[PDB]
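Participant:
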Amino acid sequence: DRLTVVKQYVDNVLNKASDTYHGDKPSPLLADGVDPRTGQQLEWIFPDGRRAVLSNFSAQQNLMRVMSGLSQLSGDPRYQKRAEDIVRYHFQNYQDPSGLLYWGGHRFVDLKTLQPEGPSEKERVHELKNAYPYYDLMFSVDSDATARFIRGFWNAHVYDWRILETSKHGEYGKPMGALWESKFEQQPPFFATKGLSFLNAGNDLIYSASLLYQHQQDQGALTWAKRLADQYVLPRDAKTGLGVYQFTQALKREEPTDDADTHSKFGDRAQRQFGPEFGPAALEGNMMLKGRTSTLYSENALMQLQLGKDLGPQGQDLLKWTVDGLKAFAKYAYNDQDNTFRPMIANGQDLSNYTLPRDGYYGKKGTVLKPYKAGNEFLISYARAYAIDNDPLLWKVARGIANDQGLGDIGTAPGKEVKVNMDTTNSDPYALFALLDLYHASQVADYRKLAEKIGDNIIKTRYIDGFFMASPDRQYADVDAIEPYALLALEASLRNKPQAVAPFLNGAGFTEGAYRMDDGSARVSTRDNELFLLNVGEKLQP
Ligand SMILES: O=C(O)[C@H]1O[C@H](O[C@@H]2[C@H](O)[C@@H](O)[C@@H](O[C@@H]3[C@H](O)[C@@H](O)[C@@H](O[C@@H]4[C@H](O)[C@@H](O)[C@@H](O[C@@H]5[C@H](O)[C@@H](O)[C@H](O)O[C@@H]5C(=O)O)O[C@@H]4C(=O)O)O[C@@H]3C(=O)O)O[C@@H]2C(=O)O)[C@H](O)[C@@H](O)[C@H]1O
């Protein structure tokens, strides 16, 4: 029984991931990772060998949504209460005077000492990339502290409000500037700036300001949310409609001397590595490569489709921008013969099977850029876009992904010649989410019946030792796993209470810094993502 499984799972998290380091006076905070076999919590190793237990609240915002949803569907308020208590504790102890939290890519809390940590000593800064925190919960606990965070986030990460120069990181302890009252002057596409306007952090700026508007009716927040979203639309290629991952280019401060030194101070990294053969259109924002296209055509799309709907009449432009881009990506990059996307430049250039002729930001010389399989995160974004605009081009991508993923044939159109694979072994929570989206818009029973099968596969093959794991051999389970989130969304659908579970935007957290190896050496740019990929007996490789 799915709801019973999720309740048992969250009970297990609150037992095994809890603060066991302060006797009978524990904090409410949780460890990000737990070995489900032993209960060992995942640790970060600092240069002197001190071990901290990783508690990064930005990497727990799927769990927070799971706990809220579990309380809604079960009627047991203890999970909502604990999620609220964790939020309250972070505002009480881990929010600096500027409003920023000790979370994100380069800050976390040590569950043993309850001190904020900074694992990247050259980077003791605030960083959110495709995080999408559960601000709805935070506002219900403390609306002023949540608003202070969102304003402080923009205050630290907007380097120049006149031109909307943004940055993926921000400093703590900054005084508040003019914020939404700042004067703005729109600049031409790909103006040169120091700050890096990557859309993974831009996603979090747009989303947070939109939630501040939703909760506090802050019209300045909404104006700048829409303006920042527009910054990623204005530079899109005039002919293809593709792009963009960023809307500025790196300000060239020094002449480069080595291809393999990719510091942004030497200028746009794509223009260095691709400029000689491809010309001026080779800019970082225009590189439609694996990963970048997930941030653009999945994470940004999920958030903007939901925001566009929420805004009603004044969200129509946002919906058009978002769907137009997904159409362009399908038209140029999708290969329906083998369910791949072509690596591309946004001017329409195909980079399939291109061999890199020099070292650079996008790979060593000799690297071959290959078409890459379209994963289930794109099944979600194409399903949701089709619900808004019933375009057969969008359906073709959804149908190709589902077929490639072993789900069968979702039909030539919703409900037309459906032949789904009810014996599928697929256990991907992303596929479950996408099938619920196809079902919600079409009301075709077979899509939810297939979603039930995926849910049963998730329980059968990923519910292991009381936790959810991507493989039975993984060393650590992630308490932010989205398997239980998909299961709750399925239960909410079956119970005719879809609003019981927060909309899935595919956010996640990460932690990055130097990590100490057993020989005492420093492994720079280590990520907790890497720790969660280890199997039993495996260690991080240099
Ligand atoms: O595998 C993937 O594709 C990867 O894609 C995303 O991540 C990419 C990239 O892979 C990440 O490494 C990261 O890169 C950022 C910059 O592009 C990179 O050059 C590096 O930048 C550092 C500093 O972070 C940056 O602030 C600049 O710093 C200046 C100076 O060098 C520094 O010493 C000084 O203190 O501050 C200066 C300044 O403020 O300008 O430039 C530095 C440099 O070396 O150039 O690191 C950046 C970073 O950590 O954000 O993010 C990329 C991204 O697209 O976000 C994806 O997020 C990954 O998950 C993965 O998929």
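Heads up: the sequence shown runs through residues 27 to 568, numbered per the authors' numbering. Positions of the beta carbon are idealized from the N, C-alpha and C atoms, including for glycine.
Pick helix, strand or coil for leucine 55, following the three-state DSSP scheme.
Facilitator: Looking at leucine 55 - three-state DSSP - the assignment turns out to be coil, as it is neither helix nor strand.
Participant: Taking buried to mean at least 16 other C-beta atoms within 10 Å of its own C-beta, is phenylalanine 210 buried or exposed?
Facilitator: Exposed: under 16 other Cβ atoms inside 10 Å.
Participant: For a quick check, are the C-beta atoms of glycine 481 and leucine 516 less than 8 Å apart?
Facilitator: Against a cut-off of 8 Å, the Cβ pair of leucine 516 and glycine 481 comes out as a contact.
Participant: Counting C-beta neighbours from all protein chains within 10 Å, is the total for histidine 48 16 or more, i.e. buried, or is it exposed?
Facilitator: With fewer than 16 Cβ atoms within 10 Å of its Cβ, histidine 48 is classed as exposed.
Participant: I believe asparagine 181 touches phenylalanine 134 by the beta-carbon criterion, under 8 Å. Please report the beta-carbon distance rounded to the nearest angstrom.
Facilitator: Wrong, their Cβ atoms sit about 22 Å apart, outside the cutoff.
Participant: Around the C-beta of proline 145, are 16 or more other C-beta atoms found within 10 angstroms, so that it is buried, or is it exposed?
Facilitator: Looking at its Cβ environment, which holds 16 or more other Cβ atoms inside 10 Å, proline 145 is buried.
Participant: Since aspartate 554 is in the beta strand (DSSP E), which residue starts that stretch and which ends it?
Facilitator: Run containing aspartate 554: none in the beta strand (DSSP E); it sits in the alpha helix (DSSP H), 554 to 559.
Participant: Along the chain, where does the beta strand (DSSP E) that runs through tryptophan 206 open and close?
Facilitator: Unbroken run through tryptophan 206: none, as it is neither H nor E.
Participant: Report yes if the C-beta distance between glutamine 86 and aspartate 58 is below 8 Å; otherwise report no.
Facilitator: For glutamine 86 and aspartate 58, yes; Cβs fall inside 8 Å.
Participant: Starting from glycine 481 and walking both ways along the alpha helix (DSSP H), at which residues does that stretch end?
Facilitator: It spans 471 to 488 - the alpha helix (DSSP H) in which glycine 481 sits, taken as one unbroken run.
Participant: Below 8 Å, can you find three or more Cβ-Cβ pairs linking the stretch 297 to 311 to the stretch 344 to 359?
Facilitator: Touching, no.
Participant: Whole-angstrom Cβ separation of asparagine 226 and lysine 155, contact assumed at under 8 Å?
Facilitator: Indeed, because the Cβ distance is near 4 Å, the residues count as touching under 8 Å.
Participant: Does ligand 1 have a heavy atom nearer than 7 Å to the CB of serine 324?
Facilitator: Checking every heavy atom of ligand 1 against the Cβ of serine 324, none is found closer than 7 Å.
Participant: Need the endpoints of the beta strand (DSSP E) that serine 81 sits in, please.
Facilitator: That run of the beta strand (DSSP E) goes 77 to 81.
Participant: Keeping to the same chain, check which residues put their C-beta closer than 6 Å to that of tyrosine 408; ignore five residues upstream and five downstream.
Facilitator: Correct list, in chain order: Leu420, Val423 and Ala424.
Participant: Taking the continuous alpha helix (DSSP H) assigned at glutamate 325, which residues delimit it?
Facilitator: Unbroken run through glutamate 325: none, as it is neither H nor E.
Participant: Please classify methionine 202 as buried or exposed, where buried requires at least 16 other C-beta atoms within 10 Å of its C-beta.
Facilitator: Its Cβ having fewer than 16 others within 10 Å, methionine 202 is exposed.
Participant: Report the partner residues of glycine 386 according to the DSSP bridge assignment.
Facilitator: DSSP output for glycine 386 lists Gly389 as bridge partner(s).
Participant: Does at least one heavy atom of ligand 1 sit under 7 Å from the Cβ of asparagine 452?
Facilitator: It does not: the Cβ of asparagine 452 is nowhere closer than 7 Å to a heavy atom of ligand 1.
Participant: According to DSSP, simplified to helix, strand and coil, what is residue 584?
Facilitator: The structure shown does not extend to residue 584, since the chain is modelled only from 27 to 568, so the question has no answer here.
Participant: Whose C-beta lies closer than 7 Å to the C-beta of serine 453 among residues of the same chain, with five residues either side of it excluded?
Facilitator: Taken in chain order, the residues that qualify are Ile480, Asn483, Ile484, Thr487 and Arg488.
Participant: Is there at least one non-hydrogen atom of ligand 1 closer than 7 Å to the beta-carbon of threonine 288?
Facilitator: True, at least one ligand heavy atom lies under 7 Å from that Cβ.
Participant: Does the pairing of the stretch 63 to 81 with the stretch 109 to 124 give three or more beta-carbon distances under 8 Å?
Facilitator: They do not touch, by the three-pair rule.
Participant: Does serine 551 pass the burial test, meaning 16 or more other C-beta atoms within 10 Å, or should it be called exposed?
Facilitator: Classification for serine 551: exposed.
Participant: Kindly confirm or deny that the stretch 526 to 541 and the stretch 309 to 328 touch, where touching means at least three C-beta pairs closer than 8 Å.
Facilitator: At 8 Å Cβ cutoff, the stretches touch.
Participant: Assuming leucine 268 contacts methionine 314 under a Cβ cut-off of 8 Å, what Cβ separation, rounded to an integer in Å, is found between them?
Facilitator: Indeed, because the Cβ distance is near 6 Å, the residues count as touching under 8 Å.
Participant: Touch check for the stretch 181 to 192 and the stretch 159 to 166: three-plus C-beta pairs under 8 Å?
Facilitator: Counting Cβ pairs under 8 Å, fewer than three are found: no touch.
Participant: Measure the beta-carbon distance from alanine 78 to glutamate 147 and round it to whole angstroms, keeping in mind my assumption that it falls under 8 Å.
Facilitator: Wrong, their Cβ atoms sit about 14 Å apart, outside the cutoff.
Participant: Taking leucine 514 as the reference, which of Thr46, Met93 and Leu55 has the closest Cα?
Facilitator: Nearest option by C-alpha distance: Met93.
Participant: I'd like to check one pair, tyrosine 387 with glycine 374: are the Cβ atoms closer than 8 Å?
Facilitator: Not a contact, by the Cβ cut-off of 8 Å.
Participant: Taking 7 Å as the cut-off, is the C-beta of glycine 317 nearer than that to any heavy atom in ligand 1?
Facilitator: It does: the Cβ of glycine 317 is within 7 Å (strictly closer) of some heavy atom of ligand 1.
Participant: If you reduce the DSSP assignment to three classes, tell me which class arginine 114 lands in.
Facilitator: Note: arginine 114 maps to helix in three-state DSSP.
Participant: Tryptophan 70 bridges to which residues according to DSSP?
Facilitator: Paired residues: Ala78.
Participant: Quick check on DSSP: helix, strand or coil for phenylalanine 217?
Facilitator: Here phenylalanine 217 sits in strand by DSSP.
Participant: Any heavy atom of ligand 1 closer than 7 Å to the CB of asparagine 226?
Facilitator: It does: the Cβ of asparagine 226 is within 7 Å (strictly closer) of some heavy atom of ligand 1.
Participant: Would you say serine 53 and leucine 127 are within 8 Å of each other, going by their C-beta atoms?
Facilitator: No; because the gap between Cβ atoms is not below 8 Å, this pair is not in contact.
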